[PDB]
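Student: Here's a structure for you.
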Amino acid sequence: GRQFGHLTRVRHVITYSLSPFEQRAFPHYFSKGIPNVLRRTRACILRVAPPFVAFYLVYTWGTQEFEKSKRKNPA
Amino acid sequence: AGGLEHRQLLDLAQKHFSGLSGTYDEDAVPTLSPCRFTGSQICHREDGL
């Protein structure tokens, strides 16, 4: 159905690309990758974490409460 | 090239071109060097054409 050639109209855009045998596959895999990963993690942690922290708290409280309930009481 | 004789052209050149300098003043000798070739792509998108 959809094929290359008339998917959309584009004008005045130039693209430069380099052959895969003229360049490295791992340019800066440790010097620059790790700061980017830290940036992404810092961005996402505040959105993703608090629900799972709350689940952890509920899990601990429920397990402790069940264990306390099972044990017998004096009198 | 055409209708002419070689010695006449040589004499005229001796008359009118002997003033050119050809000593390569100092190390001003522009010499080419090998040029690197790169496999690559360039694309200018102009859908109006």
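Positions of Cβ are backbone-derived with ideal geometry, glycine not excepted, and every protein chain shown enters the neighbour counts. Nothing in this text is a laboratory measurement; each read-out follows from the coordinates by a stated rule.
Student: So, B:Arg7, is that one free of Cβ contacts under 8 Å to residues at least 24 places away in the same chain and within 14 Å of chain A (Cβ to nearest Cβ) or not?
Tutor: no
Student: Check B:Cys43 against each of (1) more than 14 Å from chain A (Cβ to nearest Cβ); (2) touching a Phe, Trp or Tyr at 6+ places or on another chain (Cβ under 9 Å) and name the one condition it does not meet.
Tutor: (1)
Student: Could you tell me whether the range A:16-37 includes any residue that is among the charged types (D, E, K, R) and not in a helix (DSSP H, G or I)?
Tutor: Looking for residues that are among the charged types (D, E, K, R) and not in a helix (DSSP H, G or I), one finds at least one in the range A:16-37, hence yes.
Student: Something else: Show the residue pairs meeting these rules: Cβ distance below 9 Å; 6+ apart or different chains; first residue within the range A:12-30 and under 20 Å from B:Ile42 (Cα atoms); second residue assigned to a strand (DSSP E or B) and acidic (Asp, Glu).
Tutor: Partner pairs satisfying both residue conditions: A:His12/B:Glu46; A:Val13/B:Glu46.
Student: Report yes if B:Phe37 is farther than 30 Å from A:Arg9 by Cα and within 14 Å of chain A (Cβ to nearest Cβ), otherwise no.
Tutor: Against the criterion (farther than 30 Å from A:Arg9 by Cα and within 14 Å of chain A (Cβ to nearest Cβ)), B:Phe37 qualifies.
Table: residues versus (1) farther than 30 Å from A:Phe21 by Cα; (2) loosely packed, with under 10 Cβ neighbours inside 10 Å; (3) among the charged types (D, E, K, R).
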{"position": "B:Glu5", "(1), (2), (3)": "yes, yes, yes"}
{"position": "B:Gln14", "(1), (2), (3)": "yes, yes, no"}
{"position": "B:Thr23", "(1), (2), (3)": "yes, yes, no"}
{"position": "B:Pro30", "(1), (2), (3)": "yes, yes, no"}
{"position": "B:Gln41", "(1), (2), (3)": "no, yes, no"}
{"position": "B:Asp47", "(1), (2), (3)": "yes, no, yes"}
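Results for (1) more than 14 Å from chain B (Cβ to nearest Cβ); (2) within 14 Å of the chain's Cα centre (by Cα); (3) within 30 Å of B:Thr38 (Cβ to Cβ), shown as yes or no for each residue.
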residue	(1), (2), (3)
A:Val10	no, no, yes
A:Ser19	no, no, yes
A:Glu22	no, no, yes
A:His28	yes, no, yes
A:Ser31	yes, no, yes
A:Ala43	yes, yes, no
A:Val48	yes, yes, no
A:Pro51	yes, no, no
A:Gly62	yes, no, no
